[PDB]
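Chains as they are written, first to last, in the entry's author numbering: chain AF, 1 to 104; chain AY, 3 to 91; chain AR, 16 to 75; chain AB, 2 to 227; chain AH, 2 to 130; chain AU, 2 to 71; chain AO, 2 to 89.
All residues carry an ideal CB built from backbone N, CA and C; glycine is no exception.
Down below is the structure, laid out as structure tokens.
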RNA sequence: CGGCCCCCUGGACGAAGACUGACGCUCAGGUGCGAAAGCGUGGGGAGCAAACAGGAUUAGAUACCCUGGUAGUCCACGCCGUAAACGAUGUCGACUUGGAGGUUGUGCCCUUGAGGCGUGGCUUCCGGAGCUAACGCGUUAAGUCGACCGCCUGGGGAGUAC
Ligand SMILES: [Mg+2]
Ligand SMILES: [Mg+2]
Ligand SMILES: [Mg+2]
Ligand SMILES: [Mg+2]
Ligand SMILES: [Mg+2]
Ligand SMILES: [Mg+2]
Ligand SMILES: [Mg+2]
Ligand SMILES: [Mg+2]
Ligand SMILES: [Mg+2]
Ligand SMILES: [Mg+2]
Ligand SMILES: [Mg+2]
Ligand SMILES: [Mg+2]
Ligand SMILES: [Mg+2]
Ligand SMILES: [Mg+2]
Ligand SMILES: [Mg+2]
Ligand SMILES: [Mg+2]
Ligand SMILES: [Mg+2]
Ligand SMILES: [Mg+2]
Ligand SMILES: [Mg+2]
Ligand SMILES: [Mg+2]
């Protein structure tokens, strides 16, 4: 199992659906026996540059231990859901089960 | 017949050769320059500029063991960087 | 601090290693070690991708 | 007459140069390296120095003309003092290229200098339009400064005691070409290959330089006295 | 690859002489030991010393006289690429008999003069002058 | 290269600051470089030449200046 | 490449003494497994020339080893090439 | 070979050990990889730009300069198989004074903080002996040697003809 690290930015108008989305992703990972080492809703945030002409995207961070097949499925979900503006899944060696610097 | 002992006693008599300061006797007095001995590889012809008083006449004559800053040894011909290290703190 | 790896989420440090215009500062000026410099550059690029840092000092 | 180790240590002969500037032909004459500054092996130095002194003494005894070559502005005063103390010849300012190899020419220069000095001083004529006195004086000073020590040497020297081999490399080379024994002080940066009687030691430090002069002077005096 | 150990040894000796090294060390072999012994006997080196049990190292102590190398020249003759064998009447005289030629004969490795006296030829290993 | 003219700041001073900022950014130099297509070989050559030039000059300066100049 | 457990298993199978990682047969087995694994990759990625270079190197080394086995001890060679199913 | 991310994957390097036990080096024929231009079939085509057109310059200007501009440059899969494909320096191994650096490992030491002393690997410059026609190379040799291969034998004709 590969330690991943997902960060996805959601359209601020879809901010009310965000807790549910986190729950869904977690549920799927668990279903596939995937551990979830940290999960931080960073909330609404001012973009350093406007993406698709809109500002203040809702950032979620999620460091996860899962298989790569399930990661692929998650990525597909991100790409097709018209709510999450950007995503980035990036492999890591060690699960960084520690609070993020902005929360810290 | 034995060198380690004498050399290491001369060493033990060094305050700090590497980094900060050692005392030393004047070798001569010059114009805007004072030559102070070091006991190291050479002698420190330090500039007397840092010893400039307000009234223009210098307060270092032949003899003083001034607090010359004896660092930066062996710059080719000798050693000289400063002489007001301890005289400023 | 002897950090193991510079973090792209750690913005303040990055903000110290990008100039006003958003360009990455040369290793000569910042004095960073080469290994760290490369790591830092990668982190900055990632942040820019995630709109945590800006690509350029332009309007917004 | 030999030199003691305590005296040598006090003088500061043991210190050498930085490790980046040493010459590996001087790599045998090194004990260790304290604070990126070479330490010369005084154990190998002292016997060698003694041998050199003995040879010098012997030459003096057979009335050898020693030449003390030293051009460092720190050691110029000292070398001159030593030479005059033991009535020997010296070169405290720039060694003229081909002083020994082109001796018949530096001889011509010497003759000219002698004539100028004699007229200037013993002549005491003074009248020369003023221009001649200023120009002549300048010329006389330059010649005296450059060749004043070797003016009385008459011919070539029978031995060459030399302060620092790297600084006074030209002199050593000249000596080698003519074939004259060399007694060189050789710091760690210097090259010892041309030197016949290598003396490991600190060419730079004044106390050390003075010590070298004094010992050599004493031995030459003893030899002459015989 | 290392393809000629004797050649390597000869090279080591030459380089040591050049660089004024007191002793030269290399992996010991039986042939090497014999060669070293011959050299010592003829007086081109001061001594040799084999040292170790599992993989022993031959250490030759080189010879100096007036600042210059005693072994003025030392050339391999027979080599893996081209073996040289001579008959007793064809045995070479190195430097007109002053230098020696190490020849491996039926009765062991010996100098050329000794081989000639005996009356037998062999592989001419090297010249030394 | 954003600049804002401060309250009761002279114009000339503001301009000077702007020029300085531009110089730090190095915008003009970049445009000049991108004016025509430099071949990769040429770019490599220029970089190599610069490296050689700098090293040689520095060596000459550090060394070379330990002699009687007059 | 090849996973650690797989390598361990191979060593255990063909190794005279389970810590005999260097034995010729074991070496051949390890190379063979790696080669077999990489076939799928190269079928997929025909232009991965650098990787195929590595594969070629592995094949050459294995061949050299096999030849050595043949010359040294024939029975072992025959048994090994029967176990692994290598052409000749 | 140059944005970032994921998936598959080859090599190099260090550390301690353990294992096999000469299994090695080189290699004619042979086999593979091989910039750019070029060729085939199918896509793509913003920018640049052989050919081409017009405008300048000039005695002329089938060029340099200017405005345009098609193959091509890009993608897929085949072919071609050459370059100043250069370090104008074959591969492998051993030995021989040094200095200042860069990069990436690694051991201990009080990490007095980015340090101190080692020990590797790759790499840039300077330089000694030696070598060289000289220029220069100089522990990454063009120094001292060993193994194997390729190549040269006056300039042109000619890397041309068959
Ligand atoms: Mg890899
Ligand atoms: Mg084994
Ligand atoms: Mg061929
Ligand atoms: Mg092409
Ligand atoms: Mg095409
Ligand atoms: Mg068609
Ligand atoms: Mg088409
Ligand atoms: Mg055009
Ligand atoms: Mg165009
Ligand atoms: Mg052609
Ligand atoms: Mg060709
Ligand atoms: Mg090329
Ligand atoms: Mg050529
Ligand atoms: Mg060629
Ligand atoms: Mg090969
Ligand atoms: Mg490499
Ligand atoms: Mg060089
Ligand atoms: Mg021909
Ligand atoms: Mg002919
Ligand atoms: Mg043809």
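query: 4-residue-minimum alpha helix (DSSP H) runs that sit fully inside the region 4-84 of chain AB, ordered along the chain; result: 6-12 and 43-62
query: Cβ pair count under 8 angstroms reaching 3, the region 6-25 of chain AH against the region 74-93 of chain AB; result: no
query: Rounded straight-line distance, which links the Cα of residue 63 (chain AH) to that of residue 180 (chain AB); result: 31 angstroms
query: Three-way DSSP call (helix, strand, coil) for residue 112 (chain AH) in this model; result: strand
query: Stretch-stretch touch, CB-based, cutoff 8 angstroms, three pairs: the region 132-149 of chain AB with the region 2-11 of chain AB; result: no
query: Through-space distance from residue 11 (chain AU) to residue 50 (chain AF), alpha-carbon basis; result: 34 angstroms
query: In chain order, each beta strand (DSSP E) run of at least 3 residues that lies wholly inside the region 66-120 of chain AH; result: 75-77, 101-106 and 109-112
query: Option in AY:74, AY:25 and AY:32 with minimal Cα separation from residue 39 (chain AY); result: AY:25
query: Minimum Cβ-Cβ distance from residue 18 (chain AB) to chain AY less than 8 angstroms; result: yes
query: Within the region 7-70 of chain AF, ranges of the alpha helix (DSSP H) (whole runs, at least 4 residues); result: 18-31
query: Assigned exposure category for residue 113 (chain AH) - 16 Cβ within 10 Å defines buried; result: buried
query: contact_flag[the region 61-69 of chain AF, the region 26-42 of chain AF] where n(CB pairs < 8 angstroms) is 3 or more; result: yes
query: Residue-level contact to chain AF via CB, residue 22 (chain AR), 8 angstroms cutoff; result: yes
query: Per DSSP, cross-strand counterpart(s) of residue 128 (chain AH); result: AH:76 and AH:102
query: Chain AF within 8 angstroms of residue 66 (chain AR), Cβ atoms only; result: yes
query: Beta carbon proximity, residue 42 (chain AR) to chain AU, threshold 8 angstroms; result: no
query: Rounded separation between residue 69 (chain AF) and residue 48 (chain AF) - CA only; result: 32 angstroms
query: Residue range of the unbroken alpha helix (DSSP H) whose run includes residue 36 (chain AH); result: 31-43
query: Near ligand 2: residue 16 (chain AO) beta-carbon under 7 angstroms from a heavy atom; result: no
query: CA-to-CA distance, residue 62 (chain AU) to residue 68 (chain AU), given in whole angstroms; result: 11 angstroms
query: Residue 69 (chain AB) and residue 198 (chain AB) closer than 8 angstroms at C-beta; result: no
query: Contacting positions in the region 49-72 of chain AY - beta carbon closer than 7 angstroms to chain AB; result: none
query: According to DSSP, residues forming a beta bridge with residue 2 (chain AF); result: AF:66
query: Under the three-state DSSP convention, the category residue 198 (chain AB) falls into; result: strand
query: 8 angstroms Cβ cutoff, residue 52 (chain AU) in contact with chain AR; result: no
query: Separation of residue 6 (chain AY) from residue 15 (chain AY), as counted between CA atoms; result: 14 angstroms
query: Segment contact, 8 angstroms Cβ cut-off, at least three pairs: the region 92-104 of chain AF with the region 23-31 of chain AR; result: yes
query: Residue 43 (chain AO) - containing alpha helix (DSSP H), residue span; result: 25-45
query: Cutoff 8 angstroms; reference residue 33 (chain AH); Cβ partners in own chain excluding five residues on either side; result: 6, 7, 10, 27 and 59
query: Contact set between residue 14 (chain AR) and chain AF, taken where Cβ atoms lie within less than 7 angstroms; result: No information on residue 14 (chain AR) is available, as it lies outside the stretch 16 to 75 that chain AR covers here.
query: C-beta neighbour in chain AB for residue 26 (chain AY), strict 8 angstroms; result: no
query: Straight-line gap, residue 116 (chain AB) to residue 138 (chain AB) (C-alpha atoms, nearest Å); result: 13 angstroms
query: Run of the beta strand (DSSP E) containing residue 85 (chain AF), from where it starts to where it stops; result: 84-89
query: Own chain partners of residue 37 (chain AY) with C-beta closer than 8 angstroms, once the 5 adjacent residues on each side are dropped; result: 28, 29, 30, 31, 45, 46, 47 and 48
query: Closest residue to residue 222 (chain AB) among AB:187, AB:141 and AB:67 (Cα-Cα distance); result: AB:67
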